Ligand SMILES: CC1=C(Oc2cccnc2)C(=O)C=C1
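Below you'll find only one chain, the form deposited without the ligand, shown as structure tokens.
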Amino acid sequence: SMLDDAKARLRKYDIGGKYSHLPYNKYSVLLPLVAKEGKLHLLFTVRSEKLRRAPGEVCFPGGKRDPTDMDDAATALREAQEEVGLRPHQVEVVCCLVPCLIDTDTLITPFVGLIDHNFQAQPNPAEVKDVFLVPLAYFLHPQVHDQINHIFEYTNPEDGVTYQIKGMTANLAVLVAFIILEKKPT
């Protein structure tokens, strides 16, 4: 099946806990995969205009590890629950992708999660202004704007609203699309 085939692809790139004990400032992100209309999509958040860091920009759900978290995957699920109302029984964490090093002292660990078909987002307005889906296949043929920095522009055909996706968020989206969709019969 489409979902079994995705999980089996993703597991080949799992690094597990290999980098999780290093003495960094630690953040986790959830890359949430949603199946709609026969196809896989990624879920993104638009950050609240009131935040200090990157107000109004597109990112994945996630945040800073705290003392209650059993492991880095726990961080990503706690934060997703608080930001968009995703409950733990509504997500299967499939793997841990390569972590991102930033500013010499910070390590961001990405987890890919398969989301329940009946989940419906409840954005927390203090953190999240908007939630939207992008088909995974978009990231193989993106509409690119050069700011030289590559920015993706995605227009949702439901309402005609255009979003900008860039930076680490754009990089991780393309990575997931390659892992799942490369070399497939049609």
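Numbers follow the displayed sequence, beginning with 1.
A second form of this protein, the form deposited with the ligand bound, is not displayed here; the remarks below concern that form.
- Steric access to the site is open in the shown form: after superposition of the site C-alphas, the ligand as positioned in the deposited complex comes no closer than 2.4 Å to any backbone or C-beta atom.
- A single residue from the set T155, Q147, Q120, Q143 has any heavy atom within 4.5 angstroms of the ligand in the deposited complex; that residue is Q120.
- Interface membership of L136, defined by any non-hydrogen atom within 4.5 Å of the ligand in the deposited complex, is ruled out.
- Among heavy atoms of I115, some come within 4.5 Å of the ligand in the deposited complex.
- Put simply, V131 is close to the ligand in the deposited complex: some heavy atom of it is within 4.5 Å.
- Contact check for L40: every heavy atom lies farther than 4.5 Å from the ligand in the deposited complex.
- Residues are counted as partner-facing when one of their heavy atoms sits within 4.5 Å of the ligand in the deposited complex; in 11-34 only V34 qualifies.
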